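Given next, in structure tokens, is a single chain: the form deposited in one PDB entry.
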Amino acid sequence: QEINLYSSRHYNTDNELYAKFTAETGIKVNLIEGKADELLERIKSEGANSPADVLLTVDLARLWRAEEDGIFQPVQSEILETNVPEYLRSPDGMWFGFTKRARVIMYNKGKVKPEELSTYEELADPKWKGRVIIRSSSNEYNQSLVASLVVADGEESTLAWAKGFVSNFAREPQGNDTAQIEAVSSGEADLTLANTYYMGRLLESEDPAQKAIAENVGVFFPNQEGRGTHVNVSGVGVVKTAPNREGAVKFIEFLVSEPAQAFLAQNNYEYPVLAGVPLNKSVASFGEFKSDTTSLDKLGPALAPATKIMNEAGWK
């Protein structure tokens, strides 16, 4: 028994995660990693005999586009239904989220006080001129965030926001989320937007250098007075032509079960989807916050206008 996993997850803990699965079920995991868009293209180009059993992403919107293109097959699992909140899985059992991550404002403690922060929209304020940095618009975390702004504020307003946000950049987008945190820590900028688990990793690192970086940067959950902080998920679905549907289903059921949920929360610093599972202490220290649960099912359709907006605004 084996499954062919196509995953856009890119963490050093993924190997142990999959190992946990095999040690529990005896099912071998053949892994193919790459960026979400690349994996979807590969699957579609490989045809009806593609080896792909499971498609794993770190973005809800890409999962939507995958389901739209009919790449998944329905799965009805009692464990999936009970463990995964309805709003975090496909109404037709096409895909399911198994972790949650928040894209929040991370700021230099010495240069910024929390009282000066509020919403994502405010980051376009002239006050932040030459003090903001963020990774490239090509990244899905950013595209999904911009999509949520389109959904909540509209295309016209988001375009205006993006132009202002870009005008505030201290440097052109370079590096990943962690590179942004380090740059803010080093005084190259005062704030950025990154996923919570990246800060969790730095705070929990055995490398003193990483922990030192974390100490200079604080975390702020935006839009608390309104829709809430933008929350995305790491999701998964069984490919329609999966050669081993049985193993594929067991894999997804494994991901949402207590053992895997606890590991993901404790070792990869993400928010588990299963209730009753404790967060990593460092992540717990961020505090409680309101999550945006209303803009989720409309994010996918908003991808197109979001990317158009990011391009027009000059967000490289």
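Residue indices: 1-based, along the sequence shown. Between two forms, the rigid core is the largest collection of C-alphas that superpose within 1.5 Å.
Legend: mean Cα B-factor per stretch from the PDB entry, 115-123 versus 96-104; the higher mean is in 115-123.
The PDB entry reports B-factors from which the mean C-alpha value can be compared for 31-39 and 248-256; the larger average falls on 31-39. Taking only the listed residues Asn168, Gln174, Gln143, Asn232, the entry reports the highest CA temperature factor at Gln174.
Remark: of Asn268, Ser285, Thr57, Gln261, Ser285 shows the highest value [criterion: C-alpha B-factor in the PDB entry].
In the PDB entry, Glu46 places in the middle third of its chain by CA B-factor.
Per the PDB record, residue ranking by Cα B-factor puts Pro272 in the lowest third of the chain.
Among the modelled residues of its chain, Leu5 has a C-alpha B-factor that falls in the lowest third, as given in the PDB entry.
Among all modelled residues in its chain, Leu88 ranks in the highest third by Cα B-factor. Ranked by C-alpha B-factor against the other modelled residues of its chain, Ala66 falls in the highest third.
There is another form of this protein, the form deposited in another entry, and it is not shown here; the text below is about that form.
In a core superposition between this form and the one not shown, the Cα of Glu246 is the only one among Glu246, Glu188, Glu156, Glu172 shifting by 2 Å or more. With the core superposed, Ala304 shows a C-alpha displacement below 2 Å between this form and the one not shown. Relative to the superposed core, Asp92 undergoes a C-alpha shift of no less than 2 Å between this form and the one not shown. For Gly47, a C-alpha deviation of 2 angstroms or more is recorded between this form and the one not shown after rigid-core alignment.
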